[PDB]
Amino acid sequence: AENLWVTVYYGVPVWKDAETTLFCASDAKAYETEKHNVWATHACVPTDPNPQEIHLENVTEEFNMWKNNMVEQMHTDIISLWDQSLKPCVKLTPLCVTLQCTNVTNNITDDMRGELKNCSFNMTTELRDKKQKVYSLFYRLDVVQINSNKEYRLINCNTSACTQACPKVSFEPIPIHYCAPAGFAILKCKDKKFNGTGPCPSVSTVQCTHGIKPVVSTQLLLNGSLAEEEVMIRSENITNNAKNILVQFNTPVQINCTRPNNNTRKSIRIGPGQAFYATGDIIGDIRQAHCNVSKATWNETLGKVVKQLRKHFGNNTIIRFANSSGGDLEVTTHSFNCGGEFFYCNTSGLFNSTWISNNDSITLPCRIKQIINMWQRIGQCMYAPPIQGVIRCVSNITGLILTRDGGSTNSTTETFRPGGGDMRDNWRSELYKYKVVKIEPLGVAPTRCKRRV
Amino acid sequence: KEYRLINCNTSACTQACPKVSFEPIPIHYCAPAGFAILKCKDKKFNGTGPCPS
Amino acid sequence: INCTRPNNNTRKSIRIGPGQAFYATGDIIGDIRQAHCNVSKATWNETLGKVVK
Amino acid sequence: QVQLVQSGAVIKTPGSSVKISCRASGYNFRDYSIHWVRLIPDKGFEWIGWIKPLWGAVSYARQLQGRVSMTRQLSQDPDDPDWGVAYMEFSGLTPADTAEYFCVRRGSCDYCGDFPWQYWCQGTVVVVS
Amino acid sequence: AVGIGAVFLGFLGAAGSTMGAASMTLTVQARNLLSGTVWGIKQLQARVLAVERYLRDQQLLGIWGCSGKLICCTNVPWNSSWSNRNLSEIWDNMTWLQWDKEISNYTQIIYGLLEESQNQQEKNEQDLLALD
Amino acid sequence: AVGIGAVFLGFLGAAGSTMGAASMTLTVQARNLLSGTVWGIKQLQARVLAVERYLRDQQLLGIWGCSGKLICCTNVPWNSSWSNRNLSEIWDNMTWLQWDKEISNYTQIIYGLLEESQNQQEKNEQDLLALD
Amino acid sequence: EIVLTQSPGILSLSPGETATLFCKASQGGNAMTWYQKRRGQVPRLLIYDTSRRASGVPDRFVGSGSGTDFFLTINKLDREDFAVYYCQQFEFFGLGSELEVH
Amino acid sequence: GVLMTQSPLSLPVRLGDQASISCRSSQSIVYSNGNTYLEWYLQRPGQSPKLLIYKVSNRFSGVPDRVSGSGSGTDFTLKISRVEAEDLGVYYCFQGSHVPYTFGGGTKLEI
Ligand SMILES: *[C@@H]1O[C@H](CO)[C@@H](O[C@@H]2O[C@H](CO)[C@@H](O[C@@H]3O[C@H](CO[C@H]4O[C@H](CO)[C@@H](O)[C@H](O)[C@@H]4O)[C@@H](O)[C@H](O[C@H]4O[C@H](CO)[C@@H](O)[C@H](O)[C@@H]4O)[C@@H]3O)[C@H](O)[C@H]2NC(C)=O)[C@H](O)[C@H]1NC(C)=O
Ligand SMILES: *[C@@H]1O[C@H](CO)[C@@H](O[C@@H]2O[C@H](CO)[C@@H](O[C@@H]3O[C@H](CO)[C@@H](O)[C@H](O[C@H]4O[C@H](CO)[C@@H](O)[C@H](O)[C@@H]4O)[C@@H]3O)[C@H](O)[C@H]2NC(C)=O)[C@H](O)[C@H]1NC(C)=O
Ligand SMILES: *[C@@H]1O[C@H](CO)[C@@H](O[C@@H]2O[C@H](CO)[C@@H](O[C@@H]3O[C@H](CO)[C@@H](O)[C@H](O)[C@@H]3O)[C@H](O)[C@H]2NC(C)=O)[C@H](O)[C@H]1NC(C)=O
Ligand SMILES: *[C@@H]1O[C@H](CO)[C@@H](O[C@@H]2O[C@H](CO)[C@@H](O[C@@H]3O[C@H](CO)[C@@H](O)[C@H](O)[C@@H]3O)[C@H](O)[C@H]2NC(C)=O)[C@H](O)[C@H]1NC(C)=O
Ligand SMILES: *[C@@H]1O[C@H](CO)[C@@H](O[C@@H]2O[C@H](CO)[C@@H](O)[C@H](O)[C@H]2NC(C)=O)[C@H](O)[C@H]1NC(C)=O
Ligand SMILES: *[C@@H]1O[C@H](CO)[C@@H](O[C@@H]2O[C@H](CO)[C@@H](O)[C@H](O)[C@H]2NC(C)=O)[C@H](O)[C@H]1NC(C)=O
Ligand SMILES: *[C@@H]1O[C@H](CO)[C@@H](O[C@@H]2O[C@H](CO)[C@@H](O)[C@H](O)[C@H]2NC(C)=O)[C@H](O)[C@H]1NC(C)=O
Ligand SMILES: *[C@@H]1O[C@H](CO)[C@@H](O[C@@H]2O[C@H](CO)[C@@H](O)[C@H](O)[C@H]2NC(C)=O)[C@H](O)[C@H]1NC(C)=O
Ligand SMILES: *[C@@H]1O[C@H](CO)[C@@H](O[C@@H]2O[C@H](CO)[C@@H](O)[C@H](O)[C@H]2NC(C)=O)[C@H](O)[C@H]1NC(C)=O
Ligand SMILES: *[C@@H]1O[C@H](CO)[C@@H](O[C@@H]2O[C@H](CO)[C@@H](O)[C@H](O)[C@H]2NC(C)=O)[C@H](O)[C@H]1NC(C)=O
Ligand SMILES: *[C@@H]1O[C@H](CO)[C@@H](O[C@@H]2O[C@H](CO)[C@@H](O)[C@H](O)[C@H]2NC(C)=O)[C@H](O)[C@H]1NC(C)=O
Ligand SMILES: *[C@@H]1O[C@H](CO)[C@@H](O[C@@H]2O[C@H](CO)[C@@H](O)[C@H](O)[C@H]2NC(C)=O)[C@H](O)[C@H]1NC(C)=O
Ligand SMILES: *[C@@H]1O[C@H](CO)[C@@H](O[C@@H]2O[C@H](CO)[C@@H](O)[C@H](O)[C@H]2NC(C)=O)[C@H](O)[C@H]1NC(C)=O
Ligand SMILES: *[C@@H]1O[C@H](CO)[C@@H](O)[C@H](O)[C@H]1NC(C)=O
Ligand SMILES: *[C@@H]1O[C@H](CO)[C@@H](O)[C@H](O)[C@H]1NC(C)=O
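Residues numbered from 1 in each chain as written, not as in the entry; some residues may be left out. Chains lettered and ligands numbered in written order. Part of a larger assembly, values for the part shown. Heavy atoms only, no water. Residues with missing side-chain atoms left out of burial classes, pairs and counts.

1. Quick look at the interface of chain E and chain F
Line of reasoning, step 1. Each side of the interface is counted separately: chain E has 16 residues, and chain F has 17 residues.
Line of reasoning, step 2. Of the roughly 1,600 Å² buried at the junction of chain E and chain F (both faces included), carbon and sulfur atoms supply 60%.
Line of reasoning, step 3. When the buried surface of chain E facing chain F is broken down by residue, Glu52, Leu55 and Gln59 of chain E rank first, second and third, together holding 32% of it.
Line of reasoning, step 4. Counting the contacts that link chain E with chain F gives two salt bridges.
Line of reasoning, step 5. The partner of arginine 47 of chain F in a salt bridge is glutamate 52 of chain E, and the shortest N-O contact between them spans 2.4 Å. (Contact = heavy atoms within 4.5 Å. Buried area = accessible area lost by both parts, 1.4 Å probe. Salt bridge = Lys/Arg side-chain N within 4 Å of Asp/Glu carboxyl O.)

2. Quick look at the site of ligand 13
All names here are of chain C.
Line of reasoning, step 1. Around ligand 13 sit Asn2, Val39 and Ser40, and that is every residue in its neighbourhood.
Line of reasoning, step 2. Here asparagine 2 contributes a side-chain N or O atom positioned 2.4 Å from an oxygen atom of ligand 13.
Line of reasoning, step 3. Burial of ligand 13 by the surrounding chains reaches 17%, relative to a free accessible area of 600 Å². (Near = heavy atom within 4 Å. Polar contact = N/O pair within 3.5 Å; in protein donor to acceptor, adjacent residues only side chain to side chain. Areas by Shrake-Rupley, 256 points an atom, 1.4 Å probe, with all protein chains shown as cover.)

3. Some remarks on the relation of the copies chain E and chain F
Between the two copies of the chain lies a rotation about an axis combined with a shift along it.
Line of reasoning, step 1. At an RMSD of 0.4 Å, chain E and chain F line up after a rotation of 120° and a shift of 0.1 Å along the axis. A rotation of that kind, with that shift, is consistent with a three-fold axis.
Line of reasoning, step 2. Of all interface residues in chain E, a mere 19% are interface residues in chain F too; the two copies therefore contact each other through different surfaces. (Least-squares fit on C-alpha atoms.)

4. Side note on the sheet that holds strand β1 (residues 3-5) of chain D
All names here are of chain D.
Line of reasoning, step 1. Here we have four strands laid out as an open sheet, ordered β1-β3-β8-β7, and antiparallel in their pairing. One side of each edge strand has no neighbouring strand; the edge strands of this open sheet are β1 and β7 (68-73). Ignoring strand direction, the axes of neighbouring strands in this sheet form an average angle of 20°.
Line of reasoning, step 2. Across six bridges, β7 lies against strand β8 (residues 84-91) in antiparallel orientation. If you follow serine 69 over to β8, its bridge partner there is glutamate 89. (Pairing = 2+ DSSP bridges. Helix = DSSP H or I, 4+ residues; strand = E, 2+ residues; numbered from the N terminus. Axes fitted to C-alpha atoms, helices over the stretch in contact; angles between N-to-C directions.)

5. Focus on the site of ligand 2
Line of reasoning, step 1. Around ligand 2, the structure places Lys67, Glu236 and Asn237 of chain A, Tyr111 of chain D together with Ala31, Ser51 and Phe90 of chain G.
Line of reasoning, step 2. Around ligand 2 the close residues trace back to chains A, D and G.
Line of reasoning, step 3. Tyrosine 111 of chain D places a polar side-chain atom, nitrogen or oxygen, 3.0 Å from an oxygen atom of ligand 2.
Line of reasoning, step 4. Residue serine 51 of chain G places a side-chain N or O atom 3.4 Å away from an oxygen atom belonging to ligand 2.
Line of reasoning, step 5. Protein contact buries 37% of the 930 Å² of open area that ligand 2 shows by itself.

6. A word on the packing of aromatic side chains
Line of reasoning, step 1. Evaluation of the coordinates by the stated rule reveals 40 aromatic pairs over all chains.
Line of reasoning, step 2. One aromatic cluster in this structure is built from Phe45, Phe102, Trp117 and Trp120 of chain D together with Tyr35, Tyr86 and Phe93 of chain G.
Line of reasoning, step 3. For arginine 105 of chain D, the ring lying beneath its charged end belongs to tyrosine 27 of chain D, and the centroid distance is 4.9 Å.
Line of reasoning, step 4. Across from the ring centre of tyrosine 32 of chain D, 4.4 Å away, lies the NZ or CZ of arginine 105 of chain D, which sits over that ring. (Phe/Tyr/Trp six-rings, centres within 6.5 Å; stacked < 30°, edge-to-face > 60°. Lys NZ or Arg CZ within 6 Å of the ring centre and 35° of its normal.)

Interpretation in functional terms is not warranted from these geometric data alone.
Now the structure itself:
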């Protein structure tokens, strides 16, 4: 009776916390169009479907979004994949050359400036002895003045030769389902009210995560995952200011964005099999690209998020907003890709408010760069191919990324500002529900049986 | 009467190295461990339908 | 064994193209001298005396 | 090693603008924040602001806005990527602004927080006529 | 619907209960432990890490008495200096997550004792067959 | 210091002695037999060659009578045409390296006989349970 | 906002006499650090976040505390160990203490 | 939760006409083998609520040839071809994906 022996049980449900690599798995609709249509047509497997998302009881694991892994390796994976869709494409060594630019044919004022420059320049042919003369159009943010005449050059041609993206491939988002291999498990906090930190009371295991699309956006993350019922804010430590504040609200705000200009692409042969898609002529009215949001829904959602912000900050507090304080281009404004072309669209018009302790729309003008320098790499650029026609796209604004000014000296106003910074804070808004655990079977337990001879 | 090569408007060309040859060689395919390869040893057999040996 | 070059160099970057840097030798400041090495006389005369034995 | 070299001390007339360049070397400059802090005599320390050089995202203290500006400059070469320069421009001078200024970096350990500094520039004396 | 009883039979679904769920679920976690151009290298090394992990556990059972029984039993008496607990309370109250921490202070004491007991018993069995 | 007796229990420490050292050390050599950008490919194929080699040996014990006992015993009589030696002189005068060469002129006669004896024993055992 | 107050403030002890400073926060839930500024030299963090001392720091400085109440115990001090001490919450700075050689 | 959003809620429906009661879920209700398990609930006042259909399009034995389900992913609409007085009262959606399941908000058929 009290002569207890021991038995080792194999396969015991128990785990620890660990860090492993994962494995992407995308749906077959990206495999309908084939042969390097977009990325993850050869990098991810087609999905084993319908994951075994079952429930679990009487259980509590502490979570963390901040020192969580699988967000680090995703920020490695997306960059590492992003490089692999460029090496089959053209390099622009023969194009960093003296330009002869002039203004586009347009009624120009003396003060306000056109954003298009009609530039002619020498170029090689397919042959080597002969050479050709050709012209294209460029925005104000890709030429600088080298120093009568007024000759320019491209901006990145003193640091890195540029890679044209192939116009065959596209940059549209696609769902990625991460999966854990055999010998691991992925938990999911199914609780409603959970600020991403501290113990979740109702976890549930899963085989593979649900749809996680990748977007690129600094302020005002787009097409995101909606909050469940309320409006939630999340942070690491709110009285610290050096960490951002993730706001995930409930109802999406529809945003329309467009370029009303009608373009033309113009193929220029550089050498054997080298095709440079420049911008041709502009048919119609030279007009400025812009975006619209709805007035009343935005004024409503700010009234929601102020009601949610006042919990952590005292009830009687004046709360205001401001434009971003400065820096480089794509952290003051907000950036996004809309059908294969990048915008940089001013957001002074959304954050001009103050909030007391008691048919129209908002237009906001954009700019269009053609070369990008995403993730701020030392040897990288990407000339975007100019796309045809009048362009527009419709999206859902889902959350914000904010930053408190942490000033000293007796503040009653707590002014807030948008800010992009790292790209990883976009990602942490999507993987806050999960963690990854490692199964360790072969437990051990005292009981009452004796093994015979 | 000046010419050009035929493929220069489509693709730059690769000279083969004169060291390597293109002569045929026997290749024996093999199945890995956990499979098998059957061979119809019949004489009069049109390649379609069941082989009896 | 001590080994040295007593000359004093300067490197000079030459941009060949985009992202290219040929680090050439700039000017030589001081006395144009020859690189050389020193070893000790007695230790070498000893260590040959060991290996002959 | 981690080295932070500032510029030299300077006499400035009242109402001018002063530039102070903190140059960092010995680490990957694109990763860590650069904070600016001041020591006024007989006041204790006083925080000024911070910058992240990856995109130049800045943030200021409250009681100095409209007067301070921060820029940065990276190293763009595959040979020597380590060194970085952070410029502070400080305008609207008063004779109370005579103090000594410091550029600092976050402590390098992973468990170290965001504010506790490890490395310090040698300090720059600013004196107003 | 699928009902409540399916998640009792689901993978890791038994983990919230006491031992009584673990007395019937042990085939499932044993089952799902095994079955799983630059990317293929990383998934290949993930797969071989998985099976190299599994075969260590089958080896570590092989050097004990339990070959593949999945519920073995052995012949070391339980020293009450570790547990200091009653019988049914660790068979009706504690969960296996809760059971993990109380035996996490000390490990390979038990495993060394099991190796010593099996290494002794095989020698005594060879001595039993030696006069046979 | 660490002493002399520690290397008796080290990896391959019993190789220099007779069988009496190797009669107890057998868990250690069994243990260390398993646990271990183009360089990743070469070490990956080394790792899978290692575990394939291990699993061939577990298979070759599986087709014999002893699954995971690690001290087998079986039922072919020792033909004295090979040994021609007294009993304890191959238990106290020889080493396993010395035992290797005296059974290296002939091999797989024994491995041929063990498969046949185990298959015959399984046949007679199937008949014994078939009448049962 | 958050107010910091060192204690006792200006102290006066001979070399060899071990001591302890104590600086009080206005409200809790946070964890302070400390600084050691010599005569006209570069300030120097000697202990971060509660009890973790930095690089190049001897273990004779031991800091502790909880609530709104944080201690810094200095033991086996030198005439060169003493300088002016500060304590920091996130960006806020106390006015400092000083331990005069008697 | 995976709570169901019902549209429309109150339907005064005349006798003989059609009726459409849709639900929209937060996630897909795709059970992990492919076969979703939806349920539509009858309810009269004074009665225990009972089943019409237990799938997207597979009904209870005893329900007449007038009630049908349709939809895919999140949008799932019930369709009654001819509405009688037996059909009046509160209707519901239901899940088969994973516990805890969510009943809806109730969709009342009236006259
Ligand atoms: C947030 O989420 C929304 C919802 O998905 C995104 O909106 C989609 O954006 C993509 C691209 O950004 C759109 O895809 C493009 O649609 C163009 C219009 O074609 C549609 O309409 C015609 C006419 O009815 C249909 O026949 C056709 O099937 C499409 O449904 C296409 O012209 C585009 O194709 C171009 O690129 C391909 C590349 O292979 C070329 O081969 C073509 O010749 C052509 O040049 C492209 O397919 C999509 O339509 C948008 N959805 C909606 C509902 O409008 C937002 O973009 C997203 N926001 C962010 C920031 O990502
Ligand atoms: C901002 O807020 C976050 C959370 O709101 C806070 O993160 C937490 O900080 C503590 C440090 O105070 C981290 O460390 C842990 O602390 C617990 C007790 O809370 C202990 O189990 C551990 O530390 C103990 O052991 C040490 C050994 O020497 C002792 O010296 C120490 O005093 C403790 O007794 C453990 O390390 C904790 O991990 C985080 N939380 C998370 C989720 O990461 C953060 O510190 C706040 N920022 C600032 C600047 O205060
Ligand atoms: C950008 O600048 C170039 C300058 O090289 C412009 O190209 C030239 O534009 C002029 C008029 O815009 C063209 O002249 C016209 O030619 C037609 C046909 O020969 C003739 O009928 C007209 O009377 C007039 O002479 C000229 O052909 C054209 N040259 C080339 C090589 O294209 C270009 O139009 C400018 N583009 C923009 C958008 O401003
Ligand atoms: C936040 O709001 C302020 C207030 O408008 C913005 O500051 C304004 O910035 C613009 C451009 O930076 C200033 O325009 C001026 O343009 C002339 C054109 O040559 C130039 O020479 C001047 O040096 C200056 O750049 C404008 O004066 C300035 N307003 C004030 C009151 O100083 C700020 O840009 C807004 N923030 C963002 C992120 O947009
Ligand atoms: C072409 O563009 C240039 C540069 O934009 C114009 O030159 C000056 O432009 C600035 C602002 O764009 C004006 O304030 C100056 O008055 C312009 N100088 C002169 C002499 O015009 C130029 O005017 C544009 N148009 C032409 C026909 O060259
Ligand atoms: C393209 O190449 C032509 C051919 O050299 C350039 O024309 C010469 O330009 C220089 C400087 O402007 C003059 O000194 C020569 O007299 C020009 N040659 C002739 C035959 O007139 C031309 O400048 C280059 N660039 C463009 C934009 O056409
Ligand atoms: C997120 O919520 C959790 C719990 O709901 C908070 O964790 C506790 O918060 C209280 C009050 O702030 C502290 O007294 C406890 O010590 C916290 N628990 C732990 C383990 O530290 C957490 O503060 C919330 N975070 C945010 C940013 O709101
Ligand atoms: C943008 O410009 C192109 C220029 O080609 C327009 O395409 C022409 O459209 C008209 C009317 O549909 C057709 O008759 C022509 O045959 C088209 N041209 C070609 C080359 O196909 C296009 O319609 C314009 N789009 C907008 C929105 O203005
Ligand atoms: C963004 O653009 C879309 C274009 O489809 C707008 O949707 C339609 O807008 C018209 C306005 O003339 C309405 O009459 C339609 O009913 C809308 N369609 C739908 C399905 O609602 C959308 O309203 C625009 N949003 C904003 C804020 O301007
Ligand atoms: C973003 O929008 C704001 C508001 O439209 C711009 O601020 C205006 O800038 C002009 C200078 O071009 C001034 O004359 C106006 O007085 C400014 N408006 C206000 C309300 O102060 C701002 O310039 C835009 N951002 C950028 C980068 O141009
Ligand atoms: C933005 O969010 C809205 C939220 O309603 C989405 O609208 C619904 O999306 C589902 C999913 O395909 C459709 O079945 C519904 O018909 C949509 N309802 C309405 C009223 O449009 C919308 O799809 C999201 N995306 C965009 C680009 O607007
Ligand atoms: C080799 O030449 C360099 C030339 O710069 C010498 O560096 C200078 O050394 C003097 C002596 O202290 C300094 O005053 C200068 O400031 C240095 N120049 C620079 C640019 O830093 C170097 O000393 C010479 N080597 C030797 C051994 O004398
Ligand atoms: C090689 O160079 C080293 C440089 O340190 C010499 O070491 C020192 O040389 C000086 C000669 O002026 C001696 O006085 C020191 O005592 C040496 N240091 C030590 C630690 O012995 C070394 O002697 C040189 N070797 C030869 C063979 O010249
Ligand atoms: C490239 O040119 C721009 C414009 O003159 C200049 O600001 C930048 O410093 C240059 N880059 C380098 C690496 O010199
Ligand atoms: C290349 O040149 C030949 C000869 O003129 C021509 O037939 C062919 O169409 C050209 N290729 C292309 C892609 O135009």
